[PDB]
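Take a look at the structure set out below.
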Amino acid sequence: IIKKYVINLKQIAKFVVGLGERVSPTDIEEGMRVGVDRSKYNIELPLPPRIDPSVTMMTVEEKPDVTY
Amino acid sequence: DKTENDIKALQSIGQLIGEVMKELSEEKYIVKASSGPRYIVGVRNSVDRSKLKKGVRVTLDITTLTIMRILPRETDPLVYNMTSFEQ
Amino acid sequence: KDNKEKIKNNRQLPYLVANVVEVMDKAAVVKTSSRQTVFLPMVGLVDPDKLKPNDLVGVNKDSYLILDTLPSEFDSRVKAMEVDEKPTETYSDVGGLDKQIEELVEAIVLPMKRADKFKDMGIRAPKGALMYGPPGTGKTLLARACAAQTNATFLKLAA
Amino acid sequence: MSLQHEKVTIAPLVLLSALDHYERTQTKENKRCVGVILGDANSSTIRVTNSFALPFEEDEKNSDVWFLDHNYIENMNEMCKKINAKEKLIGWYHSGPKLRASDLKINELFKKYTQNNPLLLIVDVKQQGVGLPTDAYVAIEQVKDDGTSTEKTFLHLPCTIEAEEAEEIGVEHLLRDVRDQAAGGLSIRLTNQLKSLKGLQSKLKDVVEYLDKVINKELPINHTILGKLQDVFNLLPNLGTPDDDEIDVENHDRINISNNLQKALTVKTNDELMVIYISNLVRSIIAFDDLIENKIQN
Amino acid sequence: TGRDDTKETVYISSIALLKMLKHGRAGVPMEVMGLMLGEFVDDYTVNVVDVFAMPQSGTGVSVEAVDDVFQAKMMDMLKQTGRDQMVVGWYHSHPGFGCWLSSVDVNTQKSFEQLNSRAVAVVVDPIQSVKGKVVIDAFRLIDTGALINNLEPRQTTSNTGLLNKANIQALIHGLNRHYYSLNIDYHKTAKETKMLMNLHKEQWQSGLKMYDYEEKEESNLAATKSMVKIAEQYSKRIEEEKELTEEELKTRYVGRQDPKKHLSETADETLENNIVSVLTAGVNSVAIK
Amino acid sequence: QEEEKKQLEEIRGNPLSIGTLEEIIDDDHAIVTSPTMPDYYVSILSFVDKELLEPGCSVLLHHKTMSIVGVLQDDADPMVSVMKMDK
Amino acid sequence: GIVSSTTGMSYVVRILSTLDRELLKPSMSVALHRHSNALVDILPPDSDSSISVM
Amino acid sequence: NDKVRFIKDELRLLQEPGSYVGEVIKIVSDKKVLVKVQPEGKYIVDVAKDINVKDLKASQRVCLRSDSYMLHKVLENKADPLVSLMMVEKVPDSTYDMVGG
Ligand SMILES: Nc1ncnc2c1ncn2[C@@H]1O[C@H](COP(=O)(O)OP(=O)(O)OP(=O)(O)O)[C@@H](O)[C@H]1O
Ligand SMILES: [Mg+2]
């Protein structure tokens with residue numbers, strides 16, 4: 001974030017962009033995903049950081065139960 | 001003059017460089033692009049074929065991928081340093 | 001103005017971000033972040049001297065040209081790691097090994113403050129200390145306490 | 001100014017433009033048109049890229065009377081430099097039909113604009129010329145050495161056509177004609193042989209008539225044309241050279257290889273005779289069968 | 001009942017055509033834009049006499065790239081030169097795509113529609129043309145309303161027309177949203193055709209130029225030697241070759257890439273030339289001296 | 001039947017580029033990775049129930065605009081068919 | 001015939017008829033038009049092969 | 001006349017941009033086959049009218065036209081190393097007697 005934002009796409013290609021409808025400065029952080037338009041290249045929604053937790057949360061199993 | 005430089009630069013348009021991979025003929029020369037894929041490009045009769053040599057950098061139009069002219073060979077600081085040393 | 005309004009139009013977002021690997025010199029080789037390599041006519045509006053290796057630059061999306069300059073992008077992970085001088089463990093509290101503390105302090109602390117003296121005599125000051133051998137000897141720890149004494153920003157880092 | 005003007009290449013677009021401009025001002029039948037020609041210069045090949053009509057009024061009572069709207073040529077130039085900086089003022093076209101001594105004056109006004117020597121491209125829009133209807137001429141300043149003052153004149157520079165790649169693919173696609181000369185087949189170059197002679201015969205006549213005009217109309221002795229004609233009579237091929245005897249042996253080689261290649265085509269045609277003939281013999285058999293097969297069902 | 005809503009056959013002059021290939025193709029990758037100047041007659045005949053490039057802009061093509069400030073300014077210069085004629089539309093170049101209007105280029109079209117209701121939007125694709133004239137198409141708006149109430153049939157009443165078909169995604173998007181296409185035709189004068197080919201004096205001057213005789217020798221030598229090689233192969237062709245099934249014969253005797261035929265071709269070219277060569281030399285020698 | 005049929009042709013232009021459903025957010029949008037390095041925050045539109053879709057499922061996405069047009073896949077790979085030798 | 005580009009995108013591309021199939025059919029480097037994406041002409045085997053002949 | 005036609009036809013074929021090659025992984029009843037288009041990712045795509053889900057067989061290699069991915073022809077044709085080894089090898093010579101001793 002440079003007070004516009006410097007985004008990096010996953011194909012690896014960098015752009016300076018801006019806010020779309022109205023995207024608060026405080027929402028966009030290093031590592032935060034962003035939704036940007038195909039070709040008009042502007043932020044709509046900040047998206048929760050990283051897609052990698054979702055992948056690994058499948059493996060995760062909750063409090064297994066066995067009687068001691 | 002400086003603001004005119006920009007308007008001029010936009011009309012000059014970024015150039016693709018390759019380098020002579022391998023002479024094949026006077027009329028057709030094999031270059032490998034800096035950006036990537038291997039090509040067979042052509043040479044204009046404006047630029048003598050004797051200048052063009054293996055490992056010399058060359059500049060080509062995007063539009064048609066044909067060599068317009070020679071460029072001076074890439075500045076490599078390393079072989080400059082090697083020469084200098086002794087004094 | 002006519003030129004400046006044309007320049008603004010190009011500057012309208014989006015535009016490409018790239019870096020200058022070098023200026024060949026006049027002409028400039030940019031390394032783009034699209035993973036291609038472009039030799040472009042050096043935009044005379046942009047000072048060649050201001051540009052350096054790995055100077056970040058704005059590059060127009062269509063015809064690749066050095067439109068403008070940008071502040072080099074920064075890594076918060078690196079920033080966060082810097083300034084970890086605190087707490088000063090203090091050499092005292094770092095268990096055992098008097099000898100190593102005395103040795104590190106010769107290599108580091110003394111040259112830091114006495115730096116004028118080093119210049120005069122002209123001999124090199126210690127250019128880095130490597131610590132190696134068994135873990136658990138507090139390689140970590142030492143560096144934190146020492147940096148704090150030398151008042152010098154402590155990056156804890158791994159290459 | 002600049003003296004590099006060794007070659008002139010001409011986009012066909014220019015040519016197309018020059019008639020277009022002539023008709024939109026409604027100038028015709030000895031009304032003249034002056035426009036600017038734009039393109040590259042300070043370079044050996046002057047590349048005429050474009051042309052554009054200018055305000056021009058023509059007076060017939062005084063031929064040294066005309067209008068040009070000087071301010072307009074500046075203004076238009078400003079716009080086109082913004083479109084493309086490579087275009088610069090490089091002179092002015094005239095529609096002809098012919099060059100004049102008023103075009104000398106006109107040249108002078110464009111000279112001020114131009115940082116090259118102004119190129120005077122005489123485009124005859126009517127195209128009465130058998131060949132090239134376009135001449136290119138460059139105003140040069142030289143002492144005409146004869147006991148006459150410094151003379152300003154328009155010296156012929158051969159010109160050729162040229163097409164940008166981008167235009168050219170489209171030029172070719174538009175065209176589809178069989179051509180007066182394409183350098184195609186035997187019959188096509190053969191037409192050109194008849195044409196090329198009649199070309200020379202008209203061409204030589206022009207020379208004979210100038211020689212009359214010098215001593216009958218007192219055209220200024222140009223020692224330069226007459227000098228070139230001396231070189232024609234001097235370097236002239238003659239017969240009884242050992243060069244005739246050499247051509248004479250060569251004649252015999254050219255017919256002899258032709259003769260043998262004629263004989264070889266005899267063998268190829270004779271081959272096809274046999275192959276088609278063999279098929280016929282078989283055709284007789286399949287025909288007879290038809291009749292035979294009809295009997296068997298009956 | 002109502003309007004035909006007819007779409008003009010867009011009659012593109014050769015002069016206009018040549019400036020479009022030049023400015024657009026050269027200007028790759030950066031898009032270029034401009035107006036079309038013409039006259040509209042009938043209800044189906046629009047003659048586009050001229051085109052020009054409006055000064056480049058870094059917004060490339062957008063509603064705002066194009067301007068009235070540019071429009072007026074250029075007009076005024078041509079106004080004096082008397083070569084002024086009404087704006088009949090607008091062009092722009094897509095060098096990276098086929099012929100279709102972006103969502104943006106429709107909006108751009110919509111401002112020119114308000115100006116003049118016969119306004120065309122013409123998408124020029126010049127690098128991925130291999131003949132030049134192909135894959136350039138002219139378009140006109142159709143309303144959102146028009147699609148619902150079915151006013152597409154009216155426009156092409158009693159005419160065969162051409163509806164374009166290349167690009168499947170981008171086309172069907174264009175055909176059922178961006179615009180309605182009808183045929184695009186090129187016309188030119190027979191004064192101009194003479195100019196496009198260009199007559200020269202050096203067409204005929206080259207016919208009495210006698211090229212050197214080292215070059216005649218080389219051709220004599222070369223052509224004959226070559227046919228010696230394929231004449232061995234020809235002997236092989238006809239050694240038997242008379243047993244059934246034609247296909248069988250062509251693989252066994254290598255009548256594929258036919259050696260008989262290749263002998264004939266090399267023979268004919270050389271035969272033709274050696275006759276030109278004697279013919280020119282005879283003419284030169286008497287004629288000069 | 002006629003219902004199913006009419007709808008299916010309309011919605012589905014083809015080819016259809018498959019995805020993997022990484023997560024759901026309840027607002028009829030999903031986050032999928034396509035075979036392209038850019039992933040795509042998609043709408044769920046039409047057909048397949050929201051409930052029926054559980055994360056880790058492979059999914060059919062529509063090529064013009066990426067939307068969940070259904071499932072018929074169930075992480076079908078050729079590897080399973082090869083192994084499968086009940087025969 | 002079946003070919004790979006420089007990048008390896010496997011194209012099925014037509015062989016312009018009445019060209020070599022006597023050495024073309026074994027692997028060899030070949031040239032494809034860029035725009036057309038078709039096999040329009042052939043390369044000698046010398047191109048893009050190390051010159052071991054010493 | 002036919003020769004002028006022939007040269008023209010050769011011209012028109014070459015134009016075709018794209019043109020690939022997949023393999024039918026499995027067949028479904030929806031007038032489609034799942035194809036792993038080999039240079040690309042996967043595509044589930046409808047059949048061309050000329051060759052249908054009936055005719056198709058699992059694991060058969062196929063031709064495809066352009067970026068459409070409509071069926072062209074089925075290819076029997078398979079690249080395998082054994083086949084490649086045979087071509088180096090050619091027709092094995094030679095009579096028993098020569099070996100015979
Ligand atoms: N010299 C010391 N005195 C007391 N405790 C120690 C000492 N050295 C290490 N320890 C204890 O062990 C912990 C772990 O240190 P660790 O084994 O990571 O040592 P190190 O020498 O920094 O090695 P490395 O970074 O290679 O793993 C410390 O947090 C500390 O509590
Ligand atoms: Mg440690």
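In the structure tokens, the first chain shown is A, the next is B, and so on; residue numbers restart at 1 for each chain, and ligands run from 1 in the order shown.
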Excluding same-chain residues fewer than 3 positions from residue 90 of chain C, what lies within 7 Å of it counting only C-alpha atoms, as a PyMOL selection string? chain C and resi 93-94+145
Using only C-alpha atoms and all ligand atoms, find each protein or nucleic acid residue lying at most 12 Å from ligand 2; present the set as a PyMOL selection string. chain C and resi 131-144+156-158
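The space between atom CA of residue 83 of chain E and atom CA of residue 25 of chain D spans 7.0 Å.
Between atom CA of residue 40 of chain G and atom CA of residue 16 of chain G there is a distance of 5.4 Å.
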Can you list, as a PyMOL selection string, all residues belonging to chain H that DSSP tags as strand (DSSP E or B)? chain H and resi 20-28+32-37+42-46+61-65+70-75
Fewer than 4 positions away in the same chain doesn't count, so skip those; otherwise give me all residues within 7 Å of residue 2 of chain G, counting only C-alpha atoms, as a PyMOL selection string. chain G and resi 11-13
Do you know which residues are at most 9 Å from segment 227-242 of chain E counting only C-alpha atoms, after dropping those on the same chain fewer than 6 positions away, and could you put them as a PyMOL selection string? (chain D and resi 278) or (chain E and resi 249+252-255+259-260+262-263+266-267)
Next, write the just-selected residues to a file, as an mmCIF file, in the first residue's frame, keeping N, CA, C and O atoms as the atom set.
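Saved file selection37.cif follows:
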```cif
data_model
loop_
_atom_site.group_PDB
_atom_site.id
_atom_site.type_symbol
_atom_site.label_atom_id
_atom_site.label_comp_id
_atom_site.auth_asym_id
_atom_site.auth_seq_id
_atom_site.Cartn_x
_atom_site.Cartn_y
_atom_site.Cartn_z
ATOM 1 N N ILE D 278 -3.373 -46.530 -73.248
ATOM 2 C CA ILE D 278 -3.480 -47.759 -72.604
ATOM 3 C C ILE D 278 -4.841 -47.839 -71.974
ATOM 4 O O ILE D 278 -5.556 -48.780 -72.059
ATOM 5 N N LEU E 249 0.679 -47.935 -57.862
ATOM 6 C CA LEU E 249 1.731 -47.484 -58.728
ATOM 7 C C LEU E 249 2.352 -46.230 -58.228
ATOM 8 O O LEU E 249 3.548 -45.972 -58.420
ATOM 9 N N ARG E 252 4.839 -47.152 -55.260
ATOM 10 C CA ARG E 252 6.025 -47.945 -55.671
ATOM 11 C C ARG E 252 6.957 -47.226 -56.597
ATOM 12 O O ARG E 252 8.166 -47.332 -56.497
ATOM 13 N N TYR E 253 6.445 -46.461 -57.632
ATOM 14 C CA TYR E 253 7.391 -45.915 -58.633
ATOM 15 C C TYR E 253 7.693 -44.483 -58.277
ATOM 16 O O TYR E 253 8.383 -43.800 -58.986
ATOM 17 N N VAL E 254 7.183 -43.974 -57.109
ATOM 18 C CA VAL E 254 7.324 -42.645 -56.524
ATOM 19 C C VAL E 254 6.776 -41.676 -57.577
ATOM 20 O O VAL E 254 7.521 -40.764 -57.974
ATOM 21 N N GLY E 255 5.521 -41.865 -58.017
ATOM 22 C CA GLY E 255 4.854 -40.981 -58.888
ATOM 23 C C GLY E 255 4.199 -39.868 -58.138
ATOM 24 O O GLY E 255 3.770 -38.856 -58.659
ATOM 25 N N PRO E 259 8.224 -37.019 -60.956
ATOM 26 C CA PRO E 259 9.500 -36.639 -61.563
ATOM 27 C C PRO E 259 9.338 -36.252 -63.013
ATOM 28 O O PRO E 259 10.068 -35.354 -63.467
ATOM 29 N N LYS E 260 8.367 -36.832 -63.748
ATOM 30 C CA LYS E 260 8.109 -36.478 -65.138
ATOM 31 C C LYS E 260 7.708 -35.094 -65.209
ATOM 32 O O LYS E 260 8.152 -34.312 -66.071
ATOM 33 N N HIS E 262 8.239 -32.615 -62.965
ATOM 34 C CA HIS E 262 9.279 -31.722 -62.569
ATOM 35 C C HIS E 262 10.250 -31.559 -63.727
ATOM 36 O O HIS E 262 10.832 -30.471 -63.817
ATOM 37 N N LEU E 263 10.474 -32.576 -64.548
ATOM 38 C CA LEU E 263 11.407 -32.397 -65.650
ATOM 39 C C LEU E 263 10.806 -31.345 -66.547
ATOM 40 O O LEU E 263 11.538 -30.524 -67.032
ATOM 41 N N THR E 266 11.143 -27.528 -65.270
ATOM 42 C CA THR E 266 12.525 -26.906 -65.331
ATOM 43 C C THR E 266 12.863 -26.600 -66.763
ATOM 44 O O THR E 266 13.500 -25.603 -67.051
ATOM 45 N N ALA E 267 12.439 -27.523 -67.651
ATOM 46 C CA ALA E 267 12.662 -27.334 -69.060
ATOM 47 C C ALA E 267 12.008 -26.089 -69.685
ATOM 48 O O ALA E 267 12.622 -25.326 -70.381
#
```
Could you go through chain H and tell me which residues DSSP, when run on the backbone, assigns to helix (DSSP H, G or I), listing them as a VMD selection string? chain H and resid 2 to 13 81 to 89 96 to 99
Using N, CA and C atoms, can you export the residues from the last selection as a compact mmCIF listing (two decimals), in the first residue's frame?
```txt
# COMPACT_ATOMS: atom_id res chain seq x y z
N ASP H 2 -8.87 -27.83 -62.55
CA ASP H 2 -8.63 -28.50 -61.27
C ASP H 2 -7.39 -28.12 -60.53
N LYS H 3 -6.26 -27.77 -61.22
CA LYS H 3 -5.05 -27.38 -60.64
C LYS H 3 -5.12 -26.02 -59.98
N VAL H 4 -5.86 -25.11 -60.61
CA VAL H 4 -6.06 -23.80 -60.09
C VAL H 4 -6.91 -24.03 -58.77
N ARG H 5 -7.94 -24.94 -58.86
CA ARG H 5 -8.71 -25.25 -57.66
C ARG H 5 -7.88 -25.80 -56.52
N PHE H 6 -6.95 -26.70 -56.84
CA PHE H 6 -6.10 -27.41 -55.88
C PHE H 6 -5.23 -26.52 -55.09
N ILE H 7 -4.60 -25.51 -55.76
CA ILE H 7 -3.60 -24.66 -55.15
C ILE H 7 -4.35 -23.80 -54.16
N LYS H 8 -5.58 -23.35 -54.52
CA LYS H 8 -6.47 -22.57 -53.69
C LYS H 8 -6.94 -23.21 -52.43
N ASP H 9 -7.27 -24.51 -52.52
CA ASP H 9 -7.69 -25.35 -51.40
C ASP H 9 -6.57 -25.50 -50.41
N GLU H 10 -5.28 -25.56 -50.92
CA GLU H 10 -4.21 -25.72 -50.05
C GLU H 10 -4.04 -24.49 -49.17
N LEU H 11 -4.29 -23.35 -49.80
CA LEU H 11 -4.28 -22.09 -49.21
C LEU H 11 -5.26 -21.85 -48.06
N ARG H 12 -6.51 -22.34 -48.22
CA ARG H 12 -7.63 -22.14 -47.36
C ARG H 12 -7.46 -22.98 -46.11
N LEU H 13 -6.84 -24.24 -46.10
CA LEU H 13 -6.66 -25.12 -45.00
C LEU H 13 -5.72 -24.59 -43.94
N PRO H 81 6.71 -45.22 -27.24
CA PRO H 81 8.14 -45.41 -27.47
C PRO H 81 8.44 -46.62 -28.27
N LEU H 82 7.62 -47.70 -28.28
CA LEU H 82 7.85 -49.01 -28.90
C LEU H 82 7.85 -48.88 -30.41
N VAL H 83 6.83 -48.10 -30.87
CA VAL H 83 6.62 -47.62 -32.20
C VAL H 83 7.77 -46.81 -32.67
N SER H 84 8.28 -45.86 -31.78
CA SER H 84 9.42 -45.03 -32.12
C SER H 84 10.70 -45.85 -32.32
N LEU H 85 10.99 -46.89 -31.45
CA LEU H 85 12.02 -47.91 -31.57
C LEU H 85 11.89 -48.73 -32.81
N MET H 86 10.69 -49.09 -33.29
CA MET H 86 10.53 -49.84 -34.50
C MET H 86 11.02 -49.07 -35.72
N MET H 87 10.84 -47.73 -35.74
CA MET H 87 11.10 -46.94 -36.96
C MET H 87 12.61 -46.91 -37.23
N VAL H 88 13.47 -46.81 -36.15
CA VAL H 88 14.93 -46.88 -36.18
C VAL H 88 15.42 -48.22 -36.74
N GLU H 89 14.70 -49.28 -36.21
CA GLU H 89 14.89 -50.67 -36.49
C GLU H 89 14.55 -51.15 -37.90
N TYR H 96 16.87 -67.79 -42.92
CA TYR H 96 17.27 -68.75 -41.89
C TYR H 96 18.61 -69.42 -42.20
N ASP H 97 18.84 -69.71 -43.47
CA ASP H 97 19.95 -70.52 -43.92
C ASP H 97 21.36 -69.96 -43.56
N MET H 98 21.45 -68.59 -43.66
CA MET H 98 22.59 -67.73 -43.48
C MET H 98 23.01 -67.89 -42.09
N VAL H 99 22.00 -67.91 -41.13
CA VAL H 99 22.23 -68.15 -39.72
C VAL H 99 22.65 -69.54 -39.46
```
Would you list the contacts of residue 33 of chain H as an mmCIF file with N, CA and C atoms, in the first residue's frame, taking every protein, DNA or RNA residue within 12 Å and counting only C-alpha atoms, but skipping same-chain residues closer than 3 positions in sequence?
```cif
data_model
loop_
_atom_site.group_PDB
_atom_site.id
_atom_site.type_symbol
_atom_site.label_atom_id
_atom_site.label_comp_id
_atom_site.auth_asym_id
_atom_site.auth_seq_id
_atom_site.Cartn_x
_atom_site.Cartn_y
_atom_site.Cartn_z
ATOM 1 N N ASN F 14 -20.544 -23.350 -24.668
ATOM 2 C CA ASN F 14 -19.442 -24.289 -24.385
ATOM 3 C C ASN F 14 -18.215 -23.657 -25.061
ATOM 4 N N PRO F 15 -16.929 -24.076 -24.830
ATOM 5 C CA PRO F 15 -16.469 -25.086 -23.907
ATOM 6 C C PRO F 15 -16.622 -24.609 -22.528
ATOM 7 N N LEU F 16 -16.485 -25.548 -21.524
ATOM 8 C CA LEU F 16 -16.738 -25.159 -20.205
ATOM 9 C C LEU F 16 -15.427 -25.538 -19.512
ATOM 10 N N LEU F 72 -20.942 -32.574 -12.446
ATOM 11 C CA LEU F 72 -21.214 -33.827 -13.090
ATOM 12 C C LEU F 72 -19.897 -34.617 -12.988
ATOM 13 N N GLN F 73 -18.924 -34.062 -12.163
ATOM 14 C CA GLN F 73 -17.502 -34.419 -12.260
ATOM 15 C C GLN F 73 -17.201 -35.268 -11.029
ATOM 16 N N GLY H 22 -6.728 -33.580 -27.864
ATOM 17 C CA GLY H 22 -7.113 -33.983 -26.530
ATOM 18 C C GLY H 22 -7.119 -35.482 -26.522
ATOM 19 N N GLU H 23 -7.757 -36.010 -25.470
ATOM 20 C CA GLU H 23 -8.081 -37.437 -25.296
ATOM 21 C C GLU H 23 -9.323 -37.428 -24.487
ATOM 22 N N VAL H 24 -10.299 -38.335 -24.890
ATOM 23 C CA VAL H 24 -11.580 -38.600 -24.342
ATOM 24 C C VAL H 24 -11.199 -39.305 -23.123
ATOM 25 N N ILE H 25 -11.454 -38.673 -21.894
ATOM 26 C CA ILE H 25 -11.270 -39.361 -20.621
ATOM 27 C C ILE H 25 -12.385 -40.258 -20.252
ATOM 28 N N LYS H 26 -13.682 -39.730 -20.387
ATOM 29 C CA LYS H 26 -14.887 -40.564 -20.132
ATOM 30 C C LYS H 26 -15.988 -40.010 -20.978
ATOM 31 N N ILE H 27 -17.152 -40.698 -21.057
ATOM 32 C CA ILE H 27 -18.224 -40.236 -21.900
ATOM 33 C C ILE H 27 -19.437 -40.025 -20.896
ATOM 34 N N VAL H 28 -20.228 -38.918 -21.127
ATOM 35 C CA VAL H 28 -21.510 -38.649 -20.473
ATOM 36 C C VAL H 28 -22.572 -38.457 -21.518
ATOM 37 N N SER H 29 -23.832 -38.620 -20.992
ATOM 38 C CA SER H 29 -25.062 -38.756 -21.745
ATOM 39 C C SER H 29 -25.576 -37.448 -22.213
ATOM 40 N N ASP H 30 -24.822 -36.365 -21.851
ATOM 41 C CA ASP H 30 -25.319 -35.012 -22.189
ATOM 42 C C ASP H 30 -24.962 -34.435 -23.574
ATOM 43 N N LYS H 36 -9.374 -34.058 -21.623
ATOM 44 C CA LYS H 36 -8.269 -33.363 -20.977
ATOM 45 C C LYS H 36 -7.599 -32.983 -22.289
ATOM 46 N N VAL H 37 -7.724 -31.674 -22.634
ATOM 47 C CA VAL H 37 -7.136 -31.206 -23.872
ATOM 48 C C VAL H 37 -5.644 -31.171 -23.537
ATOM 49 N N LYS H 42 -8.437 -28.912 -18.657
ATOM 50 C CA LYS H 42 -9.574 -29.743 -19.059
ATOM 51 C C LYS H 42 -10.673 -28.968 -19.694
ATOM 52 N N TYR H 43 -11.450 -29.563 -20.573
ATOM 53 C CA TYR H 43 -12.676 -29.005 -21.095
ATOM 54 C C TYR H 43 -13.700 -30.108 -21.274
ATOM 55 N N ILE H 44 -14.950 -29.799 -20.769
ATOM 56 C CA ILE H 44 -16.075 -30.621 -20.969
ATOM 57 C C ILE H 44 -16.704 -29.834 -22.136
ATOM 58 N N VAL H 45 -16.990 -30.554 -23.230
ATOM 59 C CA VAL H 45 -17.334 -29.822 -24.446
ATOM 60 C C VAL H 45 -18.304 -30.738 -25.181
ATOM 61 N N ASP H 46 -19.261 -30.161 -25.979
ATOM 62 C CA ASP H 46 -20.236 -30.904 -26.738
ATOM 63 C C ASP H 46 -19.571 -31.523 -27.928
ATOM 64 N N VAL H 47 -20.174 -32.612 -28.472
ATOM 65 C CA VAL H 47 -19.758 -33.267 -29.670
ATOM 66 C C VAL H 47 -20.050 -32.436 -30.889
ATOM 67 N N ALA H 48 -19.199 -32.557 -32.034
ATOM 68 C CA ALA H 48 -19.634 -32.069 -33.335
ATOM 69 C C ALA H 48 -20.668 -33.052 -33.870
ATOM 70 N N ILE H 51 -19.377 -36.658 -35.398
ATOM 71 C CA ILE H 51 -18.983 -37.775 -34.658
ATOM 72 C C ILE H 51 -19.597 -37.577 -33.274
ATOM 73 N N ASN H 52 -20.327 -38.629 -32.800
ATOM 74 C CA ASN H 52 -21.157 -38.536 -31.612
ATOM 75 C C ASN H 52 -20.694 -39.353 -30.477
ATOM 76 N N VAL H 53 -21.352 -39.200 -29.283
ATOM 77 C CA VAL H 53 -21.019 -39.939 -28.039
ATOM 78 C C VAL H 53 -21.084 -41.451 -28.211
ATOM 79 N N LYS H 54 -21.900 -41.905 -29.167
ATOM 80 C CA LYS H 54 -22.013 -43.321 -29.451
ATOM 81 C C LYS H 54 -20.749 -43.903 -29.932
ATOM 82 N N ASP H 55 -20.103 -43.230 -30.947
ATOM 83 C CA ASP H 55 -18.966 -43.667 -31.737
ATOM 84 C C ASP H 55 -17.747 -43.625 -30.920
ATOM 85 N N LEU H 56 -17.659 -42.609 -29.991
ATOM 86 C CA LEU H 56 -16.528 -42.374 -29.216
ATOM 87 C C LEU H 56 -16.281 -43.488 -28.279
ATOM 88 N N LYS H 57 -14.980 -43.671 -27.939
ATOM 89 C CA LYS H 57 -14.581 -44.735 -27.062
ATOM 90 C C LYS H 57 -13.747 -44.119 -26.008
ATOM 91 N N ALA H 58 -13.695 -44.719 -24.795
ATOM 92 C CA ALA H 58 -12.895 -44.094 -23.773
ATOM 93 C C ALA H 58 -11.472 -44.366 -24.169
ATOM 94 N N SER H 59 -10.632 -43.327 -23.919
ATOM 95 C CA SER H 59 -9.196 -43.277 -24.097
ATOM 96 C C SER H 59 -8.765 -43.195 -25.470
ATOM 97 N N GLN H 60 -9.656 -42.780 -26.327
ATOM 98 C CA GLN H 60 -9.298 -42.533 -27.713
ATOM 99 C C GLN H 60 -8.856 -41.104 -27.896
ATOM 100 N N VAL H 62 -8.082 -37.658 -29.958
ATOM 101 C CA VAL H 62 -8.989 -36.971 -30.880
ATOM 102 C C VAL H 62 -8.356 -35.677 -31.409
ATOM 103 N N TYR H 69 -12.918 -26.306 -29.875
ATOM 104 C CA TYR H 69 -12.796 -27.606 -29.407
ATOM 105 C C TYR H 69 -14.002 -28.361 -29.930
ATOM 106 N N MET H 70 -14.354 -28.265 -31.231
ATOM 107 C CA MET H 70 -15.361 -29.166 -31.815
ATOM 108 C C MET H 70 -14.558 -30.309 -32.358
ATOM 109 N N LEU H 71 -15.201 -31.488 -32.319
ATOM 110 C CA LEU H 71 -14.600 -32.755 -32.844
ATOM 111 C C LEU H 71 -14.418 -32.645 -34.380
#
```
